[PDB]
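Consider the single chain below, provided in structure tokens and representing the form deposited in one PDB entry.
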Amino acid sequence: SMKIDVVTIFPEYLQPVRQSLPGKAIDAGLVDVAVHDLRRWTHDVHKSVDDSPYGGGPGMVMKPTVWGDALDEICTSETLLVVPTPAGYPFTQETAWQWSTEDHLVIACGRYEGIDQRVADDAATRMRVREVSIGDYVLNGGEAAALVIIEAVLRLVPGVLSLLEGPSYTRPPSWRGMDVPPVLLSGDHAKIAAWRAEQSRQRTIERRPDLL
């Protein structure tokens, strides 16, 4: 039973998450995913969510007052507040396992240069807060990271949906002059696992030597 709240100035960007949720997991009450438009908590008629950064520099910073109101309404003390950011701790598979058992996740999606730091600092005095990054590249905002995080976490929730894996093959046995490696049709399953382990080692050495 997990509730996920996403807060964003582009709620439309989260459409694919609602498209990938099975009706049975929802109706069995295993998961609920709500998306909230941040501008619902703005204070002015211009619906301002950003302002110039103290200290100068390019770009804008999301206003603490607007985010404070949104999180105040949506979070409780039991909430896990996830804040995507290019300067976060790495989001990995272990992170996903750990979060997959939470009752309530709130994902605060920023834009521009990100969110006034006091928002997270304030939230952390009464709930668990995690600033994370989904990888070493730069995005426009937190929304794509939210999709990735939701997908990686939810697929580890029952019934919701070391080395690199080597190549896989299926039918037909021959295709455009390429044969499936004969060892896979040998019926020697110890030897098949050895071949796969060695493909796995070579691939890891070639593509991800850092893991070794």
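The numbering used is simple: start at 1 and walk along the sequence shown. For clarity, a rigid core is taken as the largest C-alpha set superposing within 1.5 Å between two forms.
Form deposited in another entry: not shown, discussed below.
The comparison between this form and the one not shown, aligned on the rigid core, picks out a single residue among 58, 29, 182, 172 whose CA moves by 2 Å or more, and that residue is 29. Superposed on the core, the two forms barely differ at residue 202: its CA moves less than 2 Å between this form and the one not shown. Legend note: Cα of residue 21 to Cα of residue 73 is at least 3 Å farther in the other form than in the depicted form.
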